[PDB]
Amino acid sequence: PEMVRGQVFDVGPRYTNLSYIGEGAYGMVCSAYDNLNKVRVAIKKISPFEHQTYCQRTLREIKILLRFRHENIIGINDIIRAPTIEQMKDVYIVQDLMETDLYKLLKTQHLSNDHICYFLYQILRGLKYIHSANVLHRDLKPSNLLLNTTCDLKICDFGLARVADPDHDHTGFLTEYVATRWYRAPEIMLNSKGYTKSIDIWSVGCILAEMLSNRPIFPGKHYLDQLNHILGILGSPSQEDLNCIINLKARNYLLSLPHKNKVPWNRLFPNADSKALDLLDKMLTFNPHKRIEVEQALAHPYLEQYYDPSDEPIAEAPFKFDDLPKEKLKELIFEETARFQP
Ligand SMILES: *[C@H]1CC(=O)[C@@H](O)[C@@H](O)CCCCc2cc(O)cc(O)c2C(=O)O[C@@H](C)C1
């Protein structure tokens with residue numbers, strides 16, 4: 001088998017001329033030439049079978065991506081693994097080779113307002129499809145937004161996704177968690193398990209802010225710091241928004257803080273389009289029940305050049321509603337990947 005940086009990367013003979021391109025969660029990512037389709041592709045190596053939770057993340061993503069089909073979601077082109085469960089130690093997922101991601105881009109490139117608008121449109125167009133399937137991505141952030149050379153955008157990684165469950169979203173103070181820290185909604189730290197669609201809209205709002213200035217808007221240094229950053233910009237929550245928090249520990253924490261004023265968006269972002277900031281404000285709303293939903297966001301004036309609901313498709317087959325041991329999960333991953341065998 002071909003080796004990359006000392007490790008086995010066993011994808012041939014269809015995929016040749018390998019180059020290391022980065023690191024996944026359970027393995028490395030390489031580019032490779034696809035000798036059938038005569039294009040280069042991205043390949044992620046996954047080694048999950050020793051841990052029930054790794055198997056869970058892997059199965060979840062495979063099951064979601066094999067049902068989804070959307071221009072702004074990166075699909076699975078091929079899955080490579082051994083012919084038998086006994087011999088299967090790794091799984092390789094083959095996907096379109098993109099040019100870069102938004103994390104890398106924002107490290108050195110100023111975006112024009114036209115690029116910001118088109119990127120945000122494509123993020124929300126993909127998210128409309130995801131939420132229409134009753135699925136939550138739960139880890140939206142710049143490094144999960146891939147771009148090709150003509151700035152078409154695709155959402156990566158459904159390993160933390162879940163089926164939405166709003167009736168079972170409530171929990172205690174300081175419990176959860178959901179998402180990468182900088183992109184976590186305030187309610188995660190207060191009273192939410194991250195089981196409603198509003199969790200993803202908060203993350204998109206954080207991404208929009210970061211496109212406006214090339215810096216994360218809420219860069220908390222640790223779990224606890226994240227709420228300090230959010231409230232330092234949004235200011236103190238209103239009485240009405242506090243009353244919506246029935247958990248006493250969470251509500252009394254907020255009541256214990258000195259008053260903080262809101263920082264105006266046009267002071268934080270003085271070169272931004274005013275329609276962009278109006279949409280930013282509606283995505284970064286403290287109360288998740290008042291936060292804008294994905295279809296309202298697509299219809300916002302900032303996106304008027306692109307909005308077209310008949311060209312913003314939804315899922316045909318939403319996901320209707322599982323933790324069990326790794327041996328059954330390995331079996332389930334073997335079965336879910338069978339369609340790609342010769
Ligand atoms: C999508 C998530 C993602 O891109 C980030 O987590 C990366 O840091 C992961 C490693 C690089 C992935 C990559 C790199 C290039 O140049 C082109 C690609 O198409 C990809 C890619 O498809 O990443 C997928 C597998 C994960």
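Here, residue 1 is simply the first one shown, and the rest follow in order.
Determined via X-ray crystallography, 1.6 Å.
In case you wondered, yes, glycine gets a Cβ from its N, Cα and C as well.
The feature domain 'Protein kinase' is assigned by Swiss-Prot to 15-303, with sequence analysis given as support.
Same-chain residues at least 6 positions away in sequence with a Cβ under 8 Å from that of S19 (phosphoserine) are, in sequence order, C30, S31, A32. Positions annotated as phosphoserine by Swiss-Prot: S19 (among others).
Taken from Swiss-Prot, the feature ATP binding site applies to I21, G22, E23, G24, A25, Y26, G27, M28, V29, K44, supported by experimental evidence. DSSP classifies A25 (ATP binding site) as coil under the three-state reduction.
For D139, the entry in Swiss-Prot reads active site, proton acceptor. Less than 8 angstroms from the CB of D139 (active site, proton acceptor) sit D157, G159, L160, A179, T180, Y183, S203, each of them six or more residues away in the same chain.
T175 (phosphothreonine): 13 other CB atoms within 10 A of its CB, across all protein chains. Residues annotated as phosphothreonine in Swiss-Prot, with a large-scale study or a structure entry given as evidence: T175 (among others).
Around the Cβ of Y177 (phosphotyrosine), a 10 Å sphere holds 19 further Cβ atoms from the protein chains shown. The phosphotyrosine annotation in Swiss-Prot covers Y177 and is backed by a large-scale study or a structure entry.
Per Swiss-Prot, phosphothreonine is recorded for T180 (among others), and the stated evidence type is similarity to another entry. Cβ contacts within 10 Å of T180 (phosphothreonine), excluding its own Cβ and spanning all protein chains shown: 17.
The annotation phosphoserine is assigned in Swiss-Prot to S236 (among others) on the grounds of similarity to another entry. Under 8 Å, Cβ to Cβ, and six or more positions away along its own chain, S236 (phosphoserine) finds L254, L257, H259, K260, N261.
Annotation comment: Swiss-Prot describes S238 (among others) as phosphoserine, evidence class similarity to another entry. For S238 (phosphoserine), other Cβ atoms within 10 Å of its Cβ number 11. In three-state terms derived from DSSP, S238 (phosphoserine) belongs to neither a helical nor a strand segment and is classed as coil.
Positions annotated as phosphoserine by Swiss-Prot, on the basis of similarity to another entry: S274 (among others). Taking the Cβ of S274 (phosphoserine) as reference, residues of its chain lying under 8 Å away and at least six apart in sequence are, in sequence order, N266.
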Around the Cβ of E23 (ATP binding site), the count of other Cβ atoms that are within 10 Å: 11
Shell list (ATP; ref centroid = CB of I21, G22, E23, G24, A25, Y26, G27, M28, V29, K44; cutoff 8 A): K45
Of the modified residues listed as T175, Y177, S238, the one whose CA lies nearest the CA of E23 (ATP binding site): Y177
Cα-Cα distance, maximum over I21, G22, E23, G24, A25, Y26, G27, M28, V29, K44, record's ATP binders, Å: 15
Recorded positions close to ligand 1 - of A25, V29, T175, only those whose C-beta is under 6 Å away: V29
